[PDB]
Each structure stands twice: as structure tokens, then as C-alpha cells.
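There are 2 protein chains.
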Amino acid sequence: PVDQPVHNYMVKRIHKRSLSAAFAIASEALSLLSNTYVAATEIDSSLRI
Amino acid sequence: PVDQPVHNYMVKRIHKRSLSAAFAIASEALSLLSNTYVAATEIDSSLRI
């Protein structure tokens, strides 16, 4: 009668990372971009696509 | 904010080759070829083939 069980209690930290990137849009790109949000019979489909 | 993409634009030259060969026809050969253009009951089939 000398044996007893033992339990371990370790805990782990969560830590913290992130991921970032850049993305550029031109003035002509935003200009022809804005009309495709209201795409209709106007705003030419070839340049839009 | 120092990351920007870059695109590469290389173009290829089409170049130009050809291939040539010789091929001879005898006088008897072409003279018999002329009669086979009007192949009929005349111009014998064994010599024609």
C-alpha cells in the first residue's frame, strides 16, 4: 500500500500572429470601377470585364 | 507599406525556317503520266499501275 496515482495539469499559452498585405487600385481603375456597380445598358461590357 | 507588385513583359522573336527537297521525273515517266490523265479503255492498266 505505497502506490498512488498522480495526474498532471499543464496549460498552454495561445500566442498571437497576423498576416498583412498591400493592394493598389488605380484612379482609372476606380473610375471605371464605379460605373460597374450601377452596370446597365450603359458602361461598356468589354472594358468592364 | 513598402510592398508593391511588379509584372514582367518579355516578348519572343518568331524566327523563320523552311525545308526543301528535290524530286525528278523522267521523260518516259511524265509522258506516260500525261496519258493516265485521260485513263480509259486505252492506256494499259498494268503499266499504268
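Residue numbers (UniProt numbering), protein chains in the order written: chain G, 123 to 171; chain V, 123 to 171.
Even for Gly, the Cβ is constructed at its ideal location relative to N, Cα and C.
Tell me the residue span of the alpha helix (DSSP H) that contains residue 139 of chain G.
Residue 139 of chain G -> no alpha helix (DSSP H), and no H or E assigned at all.
With distances taken between CB atoms, is the gap from residue 126 of chain V to residue 144 of chain G smaller than 8 Å?
In contact: residue 126 of chain V and residue 144 of chain G (Cβ atoms closer than 8 Å).
Using a Cβ-Cβ distance cut-off of 8 Å, determine whether residue 144 of chain G contacts chain V.
Judged by the 8 Å Cβ criterion, residue 144 of chain G is in contact with chain V.
Going by the CB atoms, is the gap between residue 157 of chain G and residue 165 of chain G shorter than 8 Å?
Their beta carbons are under 8 Å apart, which means residue 165 of chain G touches residue 157 of chain G by this criterion.
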